[PDB]
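Visitor:
Numbering (PDB author numbering), first residue to last: 51 to 252.
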């Protein structure tokens with residue numbers, strides 16, 4: 051007849067996007083009279099369609115971010131859900147989680163050319179830039195990735211080893227441990243390459 055309590059046809063589904071990309075969370079619903087929708091993020095209500103927020107709420111109930119944010123000012127990553135209400139009751143949507151990937155382009159430390167005394171210890175420096183998901187570091191020597199040599203190397207692995215989440219340690223240097231070194235941080239966003247550095251032996 052008339053009246054039909056708020057029903058949620060499509061709940062918002064988890065989403066992953068990179069800082070500054072657009073993002074959408076759906077909330078299709080139906081109810082007679084036509085219910086009104088409201089969004090919440092981690093227990094608090096989200097203000098949408100105001101001169102102040104960068105969030106928009108479509109007539110279909112979807113929450114829309116034209117330029118997702120994840121900095122000091124605004125933090126869009128969180129747990130989200132909607133609530134449809136009309137005069138014959140209400141309905142809550144299952145929760146969805148929005149996460150914003152990020153990868154600063156500014157290493158904390160970058161390796162600098164180093165000349166070392168044979169058989170003696172050498173420390174290349176690499177402080178990957180912060181990022182989330184946590185980025186991963188790998189070292190490169192003259193074009194090819196470090197691990198790809200360790201692959202073919204016999205002898206002490208404990209030697210050439212990464213440490214302190216970045217720094218490459220090289221105990222007992224050999225005329226083979228000489229060359230160009232570069233580190234690379236990487237995550238969902240993209241990759242970050244430090245500048246190269248020449249380690250000269252003897």
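Positions of the beta carbon are idealized from the N, C-alpha and C atoms, including for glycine.
Taking only runs that begin and end inside the region 167-199, name each unbroken beta strand (DSSP E) of 3 or more residues, in chain order.
Guide: Under the rule that a run must span 3 or more residues, the beta strand (DSSP E) segments found entirely inside the region 167-199 read 172-174, 186-191.
Visitor: Helix, strand or coil for residue 105, going by three-state DSSP, please let me know.
Guide: strand
Visitor: Can you list the beta strand (DSSP E) stretches of 3 or more residues lying completely in the region 103-155, in chain order?
Guide: 105-107, 113-115, 128-136, 139-142, 146-153, all fully within the region 103-155.
Visitor: Report the three-state DSSP secondary structure of residue 242 (helix, strand or coil).
Guide: Note: residue 242 maps to strand in three-state DSSP.
Visitor: Quick check: the region 200-218 against the region 174-186, are there 3 or more CB pairs under 8 Å?
Guide: yes
Visitor: Mapping DSSP to helix, strand and coil, what is residue 165?
Guide: strand
Visitor: Would the region 150-167 and the region 96-112 be scored as touching if the rule is three or more Cβ pairs under 8 Å?
Guide: Fewer than three Cβ pairs drawn from the region 150-167 and the region 96-112 lie within less than 8 Å of each other, which leaves the two stretches out of contact.
Visitor: Alpha carbon to alpha carbon, how far is residue 240 from residue 95? Give it in angstroms, no decimals.
Guide: 33 Å
Visitor: DSSP three-state label for residue 159, please.
Guide: strand
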